[PDB]
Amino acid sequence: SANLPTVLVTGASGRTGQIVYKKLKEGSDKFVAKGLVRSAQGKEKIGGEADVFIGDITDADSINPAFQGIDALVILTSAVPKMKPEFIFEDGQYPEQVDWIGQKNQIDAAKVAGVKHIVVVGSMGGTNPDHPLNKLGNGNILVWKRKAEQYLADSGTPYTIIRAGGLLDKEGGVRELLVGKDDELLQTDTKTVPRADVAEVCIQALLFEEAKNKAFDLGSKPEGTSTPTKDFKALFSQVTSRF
């Protein structure tokens, strides 16, 4: 409902996706949480609770039941390269399928259900097509995620596209979280961010109308070298980019 949003987080058994799933129904009481995972093994990893659905984002009908009744969607799915040290993408699970088409299917399902806001987590690097991450497995993942992104901006539903810096497994809530535009942060050395702060930015984006129709790159500063961002109003405000 308008005042108690059902929020579906997809890739909920993922590393960032799981903290997003807990902060939706825990650190928060302003949401009814729903999660989408790719397997039964993923559903157990996160508790195996009732509000978790199983589906494959490459088969739209298998994920449609997850969208029924939702008000917002946080996409935290990604093609994931596997190593045979040389990495590769399993068949039918390449970035084109998982990240372009896989996301396309989520975004269409959401429009159907009348979502008032789709949040997508991507990666810095998209302004550079020759970026090293595209070689990892022969996928060009960064370009494919950009195609999904542009499709999201193109759909008509209010969106928030969050292009994160290198992901870190470090405590959230205790850093100077930086926000930029067009890979510029890659010139710096403050181009990486804890998973927990990305999970927090998705949750906050749900609370501030300012995040609507915005696209920004997200990085942070070392811990201890600044006051923990606690005021997200300001954080989103400095973002005027739509893409």
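Sequential numbering from 1, following the sequence displayed.
**Student:** 145-153 versus 88-96: which one carries the higher mean Cα B factor per the record?
**Tutor:** Mean CA B-factor is higher for 88-96.
**Student:** Identify the stretch, either 63-71 or 40-48, whose C-alpha atoms have the larger mean B-factor according to the entry.
**Tutor:** The stretch with the larger mean CA B-factor is 40-48.
**Student:** Given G172, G166, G122, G102, identify the residue with the highest C-alpha B factor in the PDB entry.
**Tutor:** In the PDB entry, the greatest C-alpha B-factor among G172, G166, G122, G102 is found at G172.
**Student:** Sort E176, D56, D217, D197 by C-alpha B-factor from the entry and give me just the highest.
**Tutor:** Highest CA B-factor of the listed options: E176.
**Student:** Where does the C-alpha B-factor of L185 rank in its chain, lowest, middle or highest third?
**Tutor:** Highest third - that is where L185 ends up once the chain's C-alpha B-factors are sorted.
**Student:** If you rank the chain by CA B-factor, which third does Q204 end up in: lowest, middle or highest?
**Tutor:** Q204: CA B-factor falls in the lowest third of its chain.
**Student:** If you rank the chain by CA B-factor, which third does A113 end up in: lowest, middle or highest?
**Tutor:** Its C-alpha B-factor, which the entry lists for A113, ranks in the middle third among residues of this chain.
**Student:** Please rank the C-alpha B-factors of the chain's modelled residues and tell me whether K34 sits in the lowest, middle or highest third.
**Tutor:** Lowest third.
**Student:** Using the B-factor values recorded in the entry, state whether the Cα atom of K25 falls in the lowest, middle or highest third among the modelled residues of its chain.
**Tutor:** Highest third.
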